């Protein structure tokens, strides 16, 4: 029976449990926009100890932590010079290029950083000043991104939907809602970025960290990555 709720002590244990479940007990085996994948709809993953966002198993190597840290610095700095930030990574070129279509502006991008930066002042104020607020939600995916749907663009239509932060009894709790998660590869990056971001937020607020929840409307592993996943299970 497909297990959709996964609670783990640390990010790596969650990572491995999620990938094992998608490989072994998929809800769907489906031909997607970018190839065949095993998929579980609406997975919920809980990580008890979010400081563990850098996974230790060197076999989980498709996202190097050099790349993850460069991505983090690029994202938290809120800039748009992705060509410079990622010049050492030619394979990401199709995700950082200028919009081809005249429909949306040439300054249009779907980088998370500028959106986080735009919302940080209002969201930090709420998080710091309104006790026990439920209102602190970073919007990543935007309805204005829907202009990408019927286009030939290669820009990311944001896989991350929103990140909610809330503080109870001195601890920061985090809920990252993913529209779409490549659980074998990109989730290593997403776990790193979300781990860094929540510690950034917790430090800004002067609070300690509670736990981390990761919901994924589509949690998938592409068939082309099954061997890679098997390489780090066991």
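Positions refer to the first chain, counted from 1.
Look at the C-alpha B-factors of 185 to 193 and of 66 to 74. On average they run higher in 66 to 74.
As the entry records it, the average C-alpha temperature factor is higher for 5 to 13, out of 213 to 221 and 5 to 13.
Per the deposited record, 104 carries the highest C-alpha B-factor of all listed residues (104, 141, 136, 116). Of the candidates 30, 27, 51, 44, the one whose C-alpha carries the top B factor in the deposited record is 30. The PDB entry assigns residue 37 a C-alpha temperature factor belonging to the middle third of its chain's modelled residues. When the modelled residues of the chain are ordered by their C-alpha B factor, residue 164 lands in the lowest third.
Annotation for residue 120: C-alpha temperature factor in the lowest third relative to the rest of the modelled chain, per the entry. Among the modelled residues of its chain, residue 56 has a C-alpha B-factor that falls in the highest third, as given in the PDB entry.
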